[PDB]
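One chain comes next, on its own, written as structure tokens: the form deposited in one PDB entry.
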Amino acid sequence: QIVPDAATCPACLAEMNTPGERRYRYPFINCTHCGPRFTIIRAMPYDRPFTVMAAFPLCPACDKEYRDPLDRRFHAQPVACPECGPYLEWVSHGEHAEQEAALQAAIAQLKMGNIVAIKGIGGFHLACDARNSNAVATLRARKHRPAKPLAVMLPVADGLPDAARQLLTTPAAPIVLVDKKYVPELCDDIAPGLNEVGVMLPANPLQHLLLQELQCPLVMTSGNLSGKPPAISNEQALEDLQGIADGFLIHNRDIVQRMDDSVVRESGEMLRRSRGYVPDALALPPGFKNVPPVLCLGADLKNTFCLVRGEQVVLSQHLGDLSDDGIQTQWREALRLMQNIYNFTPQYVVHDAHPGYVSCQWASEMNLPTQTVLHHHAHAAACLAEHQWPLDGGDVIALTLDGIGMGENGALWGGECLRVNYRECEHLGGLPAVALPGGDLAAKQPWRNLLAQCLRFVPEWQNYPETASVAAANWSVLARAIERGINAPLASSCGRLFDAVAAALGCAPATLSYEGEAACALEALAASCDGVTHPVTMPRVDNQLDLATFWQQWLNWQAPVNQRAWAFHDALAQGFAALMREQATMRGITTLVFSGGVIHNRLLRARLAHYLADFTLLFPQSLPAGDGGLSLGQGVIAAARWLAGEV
């Protein structure tokens, strides 16, 4: 069996720190229990000749250890020592070094407040002293990332809550989001405007050597260019990162598979499932058996694919935005190895119903029967599958909250109440559909969504101080485009409503630098409020939330910004709760499901659970609520349709 890439174990770490050991300070020490796996395999079977390590014949001392059945390194496929293995290389503007000297050059650069690219297990990181305001601002400037929070590597987990330390020290070694109050050493440009910081521990020998030396937190963020796939080869690292990194700590062991760090909350909630979890298979729910080989393509953002067969499913690592330049190479290499590992040949392909998706174009190149699944049906089903809801388990009422997905008859959904089972999705109601002014621009500039909401729902909107910058523009050109349906499609998007409220509070920049930045900012603001008595509501009118009443009460309820943010989350949760209660009770449904990327909002979860104590509630935990779990949903739905003998 192949197991996920694993953090250096205590025994290899001790061997590495023991003077006189042959592997003393060797940055590529591994044994049968730890080290790279999925990332160094060319083809099956798992055997040194079919791994990146075939290039390095073993010295006799190594080979004796590889061959002794009682030795920790028995059949350690990528075992090596300094005599026979890979070695470090340092590259920096006409300066070069190797081995221990390569390591010391990188350490001296980091200590001086410089930024170094470091080769890891599944790609390259950019690093610098996370206490150094100057270094962190220079990294943000060079990478054009003014806001998006940076992951930080700490030497140890001391001082973090027990739940965080437990997750941080598993073989998977994820990034764990922890309250920033636990880590005062971090300069304030690490996650500005947010309440959490992603911390990780050293999990490969090179990282242990660095942190043992530096004894301070290091920014350890992905080594890529925005809009491009991460580098996995030295040449592509050297090329992509030359404007950013002051020097490069690289080496000559190949990485064959892109594998980003996994990201979880301290609570155990999965955000990004990659290194340490891939390629572990998951058991399908009861009633799923003898399923034919199905390839599920997932969706266009935060992509994962899924292989479904028998009574199991296996998800790929995070592969990013499928629209990015040359991402198909990494996607394809990941598909090849995963199919090789599981001896899998698909008979069917399932993909999203949006005909404009890249993933849909890729499906048509495959020469297999294809089928389509609505985006929000798949979110809801991934959450049912994760909770082991049986094939014949019965209908639930689902709340699927995200930015935008294609719904029935070409509609753009993102804030819907649905009656759902593994075969059917019936739309019951939700947010009103509101123009996205400027189409793709509506996700980047929150004021567009505020304008769209004001035009539809807020009489005399120009008189409110919340709308001043909008009001002062020549917004009437945009208003005219909106009336005429020119690049202004209607969407009932929960994410765009967050954006509209964030625009009205002024709590993100006018143009955003990353997807979801305004919603994250609004939630961080709301979470500093412990709850407040307020008059803001979102009544139910038929089967939609009445935003006219909402805006009138919210815009006229003066209070500190945190309390206004809180009141929005509370009113939205109460209004959706009332919709779901009526829908579920009158159909005799006792179980509710919640899914979509907006459901990663902790305040909204907590408020929903508060108003829906009379129901059994299913939220995602071991898979991402967002598009990272979508392939799974597609897979259980295709399986359930086949199992029913559907045509």
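Position 1 is the first residue in the sequence shown; the rest follow in order.
Of the two stretches examined, 611 to 619 and 27 to 35, the record assigns the greater average C-alpha temperature factor to 27 to 35. Looking at mean Cα B-factors across 10 to 18 and 625 to 633, the upper value is held by 10 to 18. Among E311, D499, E333, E239, the highest C-alpha B-factor in the deposited entry belongs to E239.
Sorting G276, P489, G429, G227 by the CA temperature factor given in the entry leaves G227 at the top. Among the modelled residues of its chain, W90 has a C-alpha B-factor that falls in the highest third according to the deposited record. Sorting the modelled residues of the chain by their CA temperature factor places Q215 in the highest third. Among all modelled residues in this chain, the alpha-carbon of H318 has a temperature factor (C-alpha) in the lowest third.
Sort the modelled residues of the chain by CA B factor and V647 lands in the highest third. Among the modelled residues of its chain, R73 has a C-alpha B-factor that falls in the highest third according to the deposited record.
Same protein, other form: the form deposited with a small molecule bound, not shown, and the subject of what follows.
The closest heavy atom approach of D189 to the small molecule in the deposited bound form falls outside 4.5 Å.
For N224, a non-hydrogen atom is located within 4.5 Å of the small molecule in the deposited bound form, even though that partner is not displayed. Shown alone here, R72 lies farther than 4.5 Å from the small molecule in the deposited bound form, counting heavy atoms only. Residue contact check for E196: one or more of its heavy atoms lie within 4.5 Å of the small molecule in the deposited bound form. Here the chain stands alone, but in the deposited bound form its contact with the small molecule, taken as any heavy atom within 4.5 Å, falls in 215 to 223 among 501 to 509, 215 to 223, 234 to 242, 531 to 539. This chain appears without its partner; in the deposited bound form, the one residue of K289, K111, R332, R145 with a heavy atom within 4.5 Å of the small molecule is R145.
With the partner omitted here, the residue from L301, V373, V263, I404 that has a non-hydrogen atom within 4.5 angstroms of the small molecule in the deposited bound form is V263. The candidate spot formed by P149, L177 and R272 is fully in contact with the small molecule in the deposited bound form: every one of the three has a heavy atom within 4.5 Å.
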